[PDB]
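K.L.:
I'd like to ask some things about the structure below.
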Amino acid sequence: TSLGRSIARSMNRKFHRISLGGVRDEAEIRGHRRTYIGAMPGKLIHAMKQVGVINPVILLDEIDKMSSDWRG
Amino acid sequence: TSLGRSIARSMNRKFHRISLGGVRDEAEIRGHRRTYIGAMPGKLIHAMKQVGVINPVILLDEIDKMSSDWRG
Amino acid sequence: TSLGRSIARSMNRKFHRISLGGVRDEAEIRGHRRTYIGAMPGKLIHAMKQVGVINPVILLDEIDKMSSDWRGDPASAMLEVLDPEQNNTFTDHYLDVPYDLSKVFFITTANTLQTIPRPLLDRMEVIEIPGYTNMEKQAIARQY
Amino acid sequence: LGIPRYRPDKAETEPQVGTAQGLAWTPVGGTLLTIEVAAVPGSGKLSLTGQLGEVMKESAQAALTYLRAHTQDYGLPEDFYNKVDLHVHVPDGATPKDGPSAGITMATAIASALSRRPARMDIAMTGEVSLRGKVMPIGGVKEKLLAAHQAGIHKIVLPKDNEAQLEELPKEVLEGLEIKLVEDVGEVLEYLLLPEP
Amino acid sequence: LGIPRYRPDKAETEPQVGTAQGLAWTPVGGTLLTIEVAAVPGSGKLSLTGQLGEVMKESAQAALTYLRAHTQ
């Protein structure tokens with residue numbers, strides 16, 4: 001990760017991390033059913049709430065272990 | 001893939017794709033039971049829902065890469 | 001298949017075909033027990049759901065080509081199906097009342113006389129259909 | 001009245017290789033079932049037909065073993081556990097009389113298939129079964145004897161320990177039925193098939 | 001009281017040829033368990049009947065093994 005942190009130093013961007021190994025749906029990184037509170041957006045969108053720039057460096061962790069069990 | 005795209009240029013209607021890798025449920029092909037919130041049509045029907053006119057050129061990517069598993 | 005369609009042309013009822021090839025188990029034909037998520041009826045009951053009536057013109061596809069890796073035969077159940085009275089005794093692996101196939105007309109489609117089931121050698125008259133003559137092939141050619 | 005619904009005297013047993021009649025049980029008025037056993041050359045597996053019960057298969061193992069101990073009693077073949085799958089046809093299956101009622105009938109019919117020898121008729125029976133060839137007693141024989149009296153069957157055979165149940169009911173139905181007391185399934189074999197082997 | 005339903009203080013069984021009786025505890029109070037064991041000419045396989053757990057196979061294997069130490 002510190003490689004990408006060296007990059008984010010070099011490019012005036014606010015580095016973030018969000019893991020991915022251990023989600024099985026398009027409901028967590030995707031939106032939920034917006035008909036009740038609990039419909040929280042993506043981890044990515046959480047970062048876009050955290051980051052103040054529209055151009056961040058988003059590290060993407062562990063995509064080999066992310067699966068899909070529920071439909072979507 | 002380019003044969004599909006170039007024929008789509010020739011007949012002048014929109015190309016599309018949907019993979020047939022991985023799908024094992026017939027209800028993944030068909031709809032889901034419209035009996036609570038959370039039922040989805042199949043990605044065949046979603047892929048129909050992308051194209052906005054009723055005469056497209058659907059490509060079925062690698063149709064021999066599904067399997068015969070549960071719920072049909 | 002067209003001959004069975006012609007029998008349906010005689011009787012003005014619904015027509016159907018379904019494979020007895022591609023069977024290795026009874027619980028494909030009947031359902032499964034309600035013992036996991038997705039307990040659905042097998043080939044027969046949904047095949048009846050294909051038919052709008054209880055009197056169709058049924059063709060059965062590849063009766064001489066089946067499998068069963070377990071106890072008994074599904075061809076026993078085909079003798080059960082063949083009999084309207086044994087449809088009041090027809091076993092169900094998901095449902096619990098033996099569905100009646102009385103008015104369901106019965107003619108099957110096969111290719112062999114050698115591999116036909118011994119539990120179905122009763123109530124079957126094996127009639128060999130010959131091939132086609134060059135004269136016959138030309139006749140069917142220029143006519144149809 | 002027109003057409004009868006109900007049958008004459010035993011015209012579907014008709015002493016037979018493949019079939020054998022056996023008295024059966026409902027608490028609303030008893031019945032009697034002709035069980036149909038065919039011995040087909042195969043690989044020695046088992047089948048069941050009639051939406052049945054597994055305990056019937058169990059008693060088939062038992063009576064099957066009883067055949068496996070006594071082939072030379074009847075000249076029976078010395079390998080059918082690898083050569084003959086069996087499509088036993090009992091009617092409607094696992095009895096609400098919990099488990100068996102006429103295991104001896106099934107054993108006679110299965111022995112009839114392995115013999116390819118005819119049964120006898122005008123005989124009905126019912127009883128419980130065991131490995132060592134011991135017929136086990138039944139309770140409440142009245143319904144079976146009622147319907148056999150309604151069947152016009154007059155030779156009806158029973159387990160030996162039920163012989164004290166003769167002393168309780170009206171005898172006027174009883175003496176009009178012929179009794180041959182048995183304790184063993186081989187007894188209803190030699191009193192139920194037409195030939196001795 | 002009618003006919004006697006049982007043996008009078010059990011005095012005869014025409015002694016055991018191939019079987020044996022078993023004290024257990026059913027939780028409605030225990031009972032005899034007359035066991036039946038059947039021996040055909042066969043092929044070294046094993047048959048257990050009478051709704052038995054695997055523990056009965058283990059015991060049977062053990063008992064058979066003890067006999068295998070005790071043949072001659």
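We name chains A, B, ... following the order of the structure tokens; residues begin at 1 in each chain, and ligands are numbered from 1 as shown.
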Would you list which chain E residues are within 10 Å of chain D using only C-alpha atoms, as a ChimeraX atom specification?

P.N.:
/E:2-5,17-19,36-42,49-50

K.L.:
Pairing every Cα of chain B with chain A in order, what RMSD remains after the least-squares superposition?

P.N.:
1.2 Å

K.L.:
Quick check for you: according to DSSP on this backbone, which residues of chain E are classed as helix (DSSP H, G or I)? Reply as a short mmCIF file (atom, residue, chain, number, x, y, z; two decimals) with C-alpha atoms, in the first residue's frame.

P.N.:
data_model
loop_
_atom_site.label_atom_id
_atom_site.label_comp_id
_atom_site.auth_asym_id
_atom_site.auth_seq_id
_atom_site.Cartn_x
_atom_site.Cartn_y
_atom_site.Cartn_z
CA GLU E 54 -23.39 -45.65 13.30
CA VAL E 55 -22.50 -46.54 16.89
CA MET E 56 -24.09 -49.89 16.24
CA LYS E 57 -21.80 -50.42 13.25
CA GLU E 58 -18.84 -49.53 15.42
CA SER E 59 -19.93 -51.94 18.10
CA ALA E 60 -20.63 -54.53 15.45
CA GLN E 61 -17.22 -54.04 13.93
CA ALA E 62 -15.68 -54.31 17.37
CA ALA E 63 -17.66 -57.38 18.31
CA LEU E 64 -16.90 -58.96 14.98
CA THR E 65 -13.24 -58.14 15.55
CA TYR E 66 -13.29 -59.70 19.00
CA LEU E 67 -14.71 -62.79 17.36
CA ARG E 68 -11.94 -62.48 14.77
#

K.L.:
Would you return as an NGL selection string the members of chain B that DSSP assigns to strand (DSSP E) on this structure's backbone?

P.N.:
:B and (15-19 or 57-61)

K.L.:
When you look at residue 184 (chain D) with a cut-off of 10 Å (counting only C-alpha atoms), what residues show up, excluding the ones that are within fewer than 4 positions of it in the same chain? I need them as a list in words.

P.N.:
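In the requested format, the answer is residues 104, 129, 130, 132, 133, 134, 135, 136, 159, 160, 188 and 189 of chain D.
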
K.L.:
Mind checking which residues fall within 10 Å of residue 56 (chain A), counting only C-alpha atoms, ignoring those fewer than 3 positions away in the same chain, and posting them as a list in words?

P.N.:
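Near neighbours after the sequence-gap exclusion: residues 8, 11, 12, 13, 14, 15, 16, 47, 48, 51, 52, 53 and 59 of chain A.
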
K.L.:
Determine, for each residue of chain C having at least one atom at most 7 Å from an atom of chain D, the closest pair of atoms and their separation in Å to one decimal, counting only C-alpha atoms; order by chain and ascending number, as JSON lines.

P.N.:
{"residue": "C:71", "atom": "CA", "partner": "D:47", "partner_atom": "CA", "distance": 5.8}
{"residue": "C:72", "atom": "CA", "partner": "D:47", "partner_atom": "CA", "distance": 3.7}
{"residue": "C:73", "atom": "CA", "partner": "D:47", "partner_atom": "CA", "distance": 6.7}
{"residue": "C:89", "atom": "CA", "partner": "D:50", "partner_atom": "CA", "distance": 5.7}
{"residue": "C:90", "atom": "CA", "partner": "D:51", "partner_atom": "CA", "distance": 6.5}
{"residue": "C:91", "atom": "CA", "partner": "D:51", "partner_atom": "CA", "distance": 4.6}

K.L.:
For region 59-62 of chain C, list every protein, DNA or RNA residue within 12 Å, evaluated using only C-alpha atoms, and leave out those in the same chain fewer than 2 positions away; present the list as JSON, numbers by chain.

P.N.:
{"C": [1, 2, 3, 4, 5, 6, 7, 8, 14, 15, 16, 17, 18, 19, 20, 21, 22, 23, 43, 44, 47, 56, 57, 64, 65, 66, 67, 75, 78, 81, 82, 104, 105, 106, 107, 108, 109, 110, 111, 112, 113, 115, 116, 117]}

K.L.:
Counting only C-alpha atoms, which residues of chain A come no farther than 12 Å from chain B, as a list in words?

P.N.:
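Per the criterion, chain A yields residues 26, 27, 32, 33, 34, 35, 68, 69, 70, 71 and 72 of chain A.
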
K.L.:
Using only C-alpha atoms and a cut-off of 10 Å, which residues of chain C sit close to chain B? Please list them as number ranges by chain.

P.N.:
C: 37-42

K.L.:
What would the file look like if the residues just selected were written as a compact mmCIF listing (two decimals), in the first residue's frame with N, CA and C atoms?

P.N.:
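This went into part_35.txt:
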# COMPACT_ATOMS: atom_id res chain seq x y z
N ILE C 37 -33.81 -25.19 0.40
CA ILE C 37 -34.40 -24.07 -0.33
C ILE C 37 -34.46 -24.40 -1.82
N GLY C 38 -35.66 -24.38 -2.37
CA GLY C 38 -35.82 -24.66 -3.79
C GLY C 38 -36.48 -25.98 -4.10
N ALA C 39 -37.27 -26.49 -3.16
CA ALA C 39 -37.97 -27.75 -3.37
C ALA C 39 -39.08 -27.51 -4.38
N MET C 40 -38.87 -28.01 -5.58
CA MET C 40 -39.79 -27.82 -6.68
C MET C 40 -40.20 -29.18 -7.24
N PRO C 41 -41.38 -29.29 -7.84
CA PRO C 41 -41.77 -30.55 -8.46
C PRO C 41 -40.92 -30.82 -9.68
N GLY C 42 -40.83 -32.09 -10.03
CA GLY C 42 -39.94 -32.49 -11.09
C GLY C 42 -40.50 -32.26 -12.47

K.L.:
Pick out the closest residue to residue 18 (chain D) from this set: D:83, D:70, D:120, D:5. Count only C-alpha atoms.

P.N.:
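Counting only C-alpha atoms, the residue closest to residue 18 (chain D) is D:120.
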
K.L.:
Would you pick out the contacts of residue 22 (chain B) at 9 Å or less, using only C-alpha atoms, so that residues sharing its chain but fewer than 2 positions from it are not included, and give the list as a PDB file with N, CA, C and O atoms, in the first residue's frame?

P.N.:
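Full text of result.pdb as output:
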ATOM      1  N   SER B  19     -22.967 -12.099 -21.143  1.00  0.00           N
ATOM      2  CA  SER B  19     -22.248 -13.349 -21.003  1.00  0.00           C
ATOM      3  C   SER B  19     -23.199 -14.429 -20.553  1.00  0.00           C
ATOM      4  O   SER B  19     -24.203 -14.151 -19.896  1.00  0.00           O
ATOM      5  N   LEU B  20     -22.889 -15.649 -20.919  1.00  0.00           N
ATOM      6  CA  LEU B  20     -23.545 -16.771 -20.310  1.00  0.00           C
ATOM      7  C   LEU B  20     -22.590 -17.602 -19.498  1.00  0.00           C
ATOM      8  O   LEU B  20     -22.810 -18.805 -19.345  1.00  0.00           O
ATOM      9  N   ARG B  24     -26.184 -20.633 -13.263  1.00  0.00           N
ATOM     10  CA  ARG B  24     -26.562 -21.996 -12.940  1.00  0.00           C
ATOM     11  C   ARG B  24     -28.043 -22.131 -12.614  1.00  0.00           C
ATOM     12  O   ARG B  24     -28.572 -23.247 -12.641  1.00  0.00           O
ATOM     13  N   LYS B  65     -21.273 -22.208 -21.404  1.00  0.00           N
ATOM     14  CA  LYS B  65     -20.556 -21.991 -20.154  1.00  0.00           C
ATOM     15  C   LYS B  65     -21.493 -21.765 -18.976  1.00  0.00           C
ATOM     16  O   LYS B  65     -21.105 -21.142 -17.986  1.00  0.00           O
ATOM     17  N   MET B  66     -22.717 -22.252 -19.071  1.00  0.00           N
ATOM     18  CA  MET B  66     -23.641 -22.310 -17.955  1.00  0.00           C
ATOM     19  C   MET B  66     -23.596 -23.700 -17.326  1.00  0.00           C
ATOM     20  O   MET B  66     -22.774 -24.542 -17.691  1.00  0.00           O
ATOM     21  N   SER B  67     -24.488 -23.948 -16.369  1.00  0.00           N
ATOM     22  CA  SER B  67     -24.566 -25.282 -15.782  1.00  0.00           C
ATOM     23  C   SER B  67     -25.996 -25.574 -15.350  1.00  0.00           C
ATOM     24  O   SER B  67     -26.839 -24.677 -15.244  1.00  0.00           O
TER      25      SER B  67
END

K.L.:
Would you list the contacts of residue 71 (chain D) as JSON, numbers by chain, taking every protein, DNA or RNA residue within 12 Å and counting only C-alpha atoms, but skipping same-chain residues closer than 6 positions in sequence?

P.N.:
{"D": [63, 64, 65, 77, 78, 79, 80, 111, 114, 115, 186, 197], "E": [40]}

K.L.:
Enter the distance from CA of residue 148 (chain D) to CA of residue 194 (chain D), in Å, rounded to one decimal.

P.N.:
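CA of residue 194 (chain D) lies 20.5 Å from CA of residue 148 (chain D).
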
K.L.:
Could you tell me how far CA of residue 16 (chain D) lies from CA of residue 37 (chain D), in Å and to one decimal?

P.N.:
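Spanning CA of residue 16 (chain D) to CA of residue 37 (chain D) is a straight-line distance of 10.3 Å.
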